[PDB]
Peer 1: 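Quick one: the structure is below, and I'll ask about it shortly.
Both counts, for ligands and for their atoms, begin at 1 and track the order of listing. Residue indices begin at 1 and follow the sequence shown.
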Amino acid sequence: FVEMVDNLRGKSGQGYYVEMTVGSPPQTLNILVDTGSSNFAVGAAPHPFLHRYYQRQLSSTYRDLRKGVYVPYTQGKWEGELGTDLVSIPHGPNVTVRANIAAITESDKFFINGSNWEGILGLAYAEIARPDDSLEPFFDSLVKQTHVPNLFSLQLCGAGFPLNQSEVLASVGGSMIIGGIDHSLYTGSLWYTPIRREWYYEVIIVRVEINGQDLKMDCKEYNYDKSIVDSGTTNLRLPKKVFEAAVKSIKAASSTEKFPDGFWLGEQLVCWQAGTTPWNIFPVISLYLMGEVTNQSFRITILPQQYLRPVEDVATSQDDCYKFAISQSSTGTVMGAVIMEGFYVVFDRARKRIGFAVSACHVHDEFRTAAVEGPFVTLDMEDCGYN
Ligand SMILES: COc1ccc(-c2nsc(C)c2C(=O)NC(=N)NCc2cc(C)c(NC(C)=O)c(Cl)c2)cc1
């Protein structure tokens, strides 16, 4: 899968994107890779944050579905016009598919300034596609029309430090392998957690540790009202109760240093003298996920290098600065880009499971590394899921 290695660019804050072509002749667009949604949607009209957009009138293969679509979120929203066109992925499988495309005509806080992507590739299942589950998502179309195996995998590579506009454009962001697993992208073993339901990529968290210390919450809280793998969201998002317990413990473990309280809101940055970030004072976070063998679980361990997102100082000084990349959630546990940066994540749709391995490009120090370890004997795991 050498052709697909290095096909991603971007960063956790603005999202990771792949190059795609739509229409005839091919119109090149950069497309956000998103496991948290199910629509293939592209800018179709001028916008302050877009350098280019989809022009339907210039595509001979465009087909008008004569139907509108409105896609709200909590943080932003877009609306547009449904249609189909020919779509291909230059640095992907060597194929061309007829797929549904939402031509974005109006949007509010959906696009991101300087992100360098002009559309979204919703990789999740039809049930959450808008307007309804009848609008086939891109990947379902891809599998039906070709011989690409029903599987894709993601290696998102955080830099570990801020990248300027030129650097993010020149730098490789990672790899999306379509139809397979590239073994050079990870170390150690792949551990599989089952997909509970095919809508989002829903998983079940059975136990949570901070510096090996059990959070001792009823596991149903960890998955209230769901737990999802979501590459289109920046942060780890945790349900109110879990978030508060986690922040209380992270605060405690890192007490020897004190932070403005707006830091824990993810609003303000904390800075240290160049190279002196006290990584060691921050605790590791372990999430135990349901396993494939009955009564068996495994854990993924995340370092502060994952939950502290590098941002360049307003001072643009010599200092190394970070934002707290864990957010309070009202829509469940959301494993965002900052968590995925630590891992090679296999979306094995054909076997209804998600794999986790230590990423070959994960950021660490000399004393600690991210881990994916197992097995652990765990009981009643099924009732950790919310109904
Ligand atoms: C910060 O507050 C938040 C509150 C809730 C969640 C959330 N909780 S659960 C779940 C499934 C999601 C989710 O929306 N996942 C997803 N892939 N969404 C699509 C997508 C991608 C982009 C890049 C934008 N644009 C900007 C500026 O963020 C927009 Cl609008 C939507 C995420 C962030």
Peer 1: Would you check if the distance from the ring center of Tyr53 to the ring center of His47 is below 6.0 Å?
Peer 2: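 Between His47 and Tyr53, which both carry aromatic rings, the centre distance is not below 6.0 Å.
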Peer 1: So, does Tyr17 sit close enough to ligand 1 that a heavy atom of it is under 4.0 Å from the ligand?
Peer 2: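 The answer is no: ligand 1 sits nowhere under 4.0 Å from a heavy atom of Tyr17.
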Peer 1: Using the six-membered ring wherever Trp is involved, compare the ring planes of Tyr322 and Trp279 and label them parallel, tilted or perpendicular (cut-offs 30° and 60°).
Peer 2: perpendicular
Peer 1: Please list the nearest protein heavy atom to atom 9 (S) of ligand 1 with its residue and the distance rounded to 0.1 Å.
Peer 2: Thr331 OG1, 3.3 Å
Peer 1: Nearest to atom 22 (C) of ligand 1, what protein heavy atom do you find, and at what distance?
Peer 2: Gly232 O, 4.0 Å
Peer 1: If you measure from each non-hydrogen atom of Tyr200 to ligand 1, which part falls under 4.0 Å: side chain, backbone, both or neither?
Peer 2: side chain
Peer 1: Ligand 1 versus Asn235, non-hydrogen atoms closer than 4.0 Å: side chain, backbone, both, neither?
Peer 2: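 Near ligand 1, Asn235 shows nothing, with every heavy atom at 4.0 Å or more.
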Peer 1: Do the rings of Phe324 and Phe263 sit parallel, tilted or perpendicular, given the 30° and 60° boundaries?
Peer 2: tilted
Peer 1: Identify, with sequence neighbours excluded, every residue that meets ring-ring contact (aromatic ring centres under 6.0 Å, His included) alongside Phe243.
Peer 2: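 With sequence neighbours excluded, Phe243 shows a ring-ring contact (aromatic ring centres under 6.0 Å, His included) to no residue whatsoever.
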Peer 1: Can you find an N/O atom of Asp34 closer than 3.5 Å to an N/O atom of ligand 1?
Peer 2: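 Yes, there is a polar N/O contact under 3.5 Å.
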Peer 1: How close does the nearest protein non-hydrogen atom get to atom 18 (N) of ligand 1, and which residue and atom is it?
Peer 2: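 The protein heavy atom lying closest is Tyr73 CE2, 3.6 Å.
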Peer 1: For atom 2 (O) of ligand 1, find the nearest protein heavy atom and state the residue, atom name and distance (0.1 Å precision).
Peer 2: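 That would be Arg237 NH1, 3.6 Å.
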Peer 1: Check whether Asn223 reaches the backbone of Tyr386 with its side chain - one donor and one acceptor, N or O, closer than 3.5 Å.
Peer 2: no
Peer 1: Which heavy atom of the protein is the closest neighbour of atom 20 (C) of ligand 1, given with residue, atom name and distance?
Peer 2: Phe110 CE1, 4.1 Å
Peer 1: Where does the angle between the aromatic ring planes of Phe110 and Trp117 fall among parallel (under 30°), tilted (30 to 60°) and perpendicular (over 60°)?
Peer 2: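 Rings of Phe110 and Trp117: perpendicular, as their planes differ by over 60°.
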Peer 1: Among all the protein's non-hydrogen atoms, which is closest to atom 10 (C) of ligand 1, and how far away is it?
Peer 2: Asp230 OD2, 3.6 Å
Peer 1: Out of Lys77, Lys109, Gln14, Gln75, who is nearest to atom 31 (C) of ligand 1 when you count heavy atoms only?
Peer 2: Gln75
Peer 1: Suppose I only count heavy atoms of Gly76 and a 4.0 Å limit; which atoms of ligand 1 are within that range?
Peer 2: 30 (Cl)
Peer 1: For atom CZ of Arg52, decide whether the heavy atoms of other residues, nucleotides or ligands shown that lie under 6.0 angstrom number more than 12.
Peer 2: yes
Peer 1: Taking the minimum heavy-atom distance to atom 7 (C) of ligand 1, which of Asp108, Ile228, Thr233 ranks first?
Peer 2: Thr233
Peer 1: I need the atoms of ligand 1 closer than 4.0 Å to a non-hydrogen atom of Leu32, numbered in the order shown.
Peer 2: 23 (C)
Peer 1: Taking the inter-plane angle between the rings of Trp272 and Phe282 on a 0 to 90° scale, is it parallel (under 30°), tilted (30 to 60°) or perpendicular (over 60°)?
Peer 2: perpendicular
Peer 1: For ligand 1, which atoms have a heavy atom of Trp117 less than 4.0 angstrom away?
Peer 2: 23 (C)
Peer 1: Only one of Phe343, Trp191, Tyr344 passes ring pair (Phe, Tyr, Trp, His ring centres under 6.0 Å) with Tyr186; say which it is.
Peer 2: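 Of all the options given, the one that passes is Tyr344.
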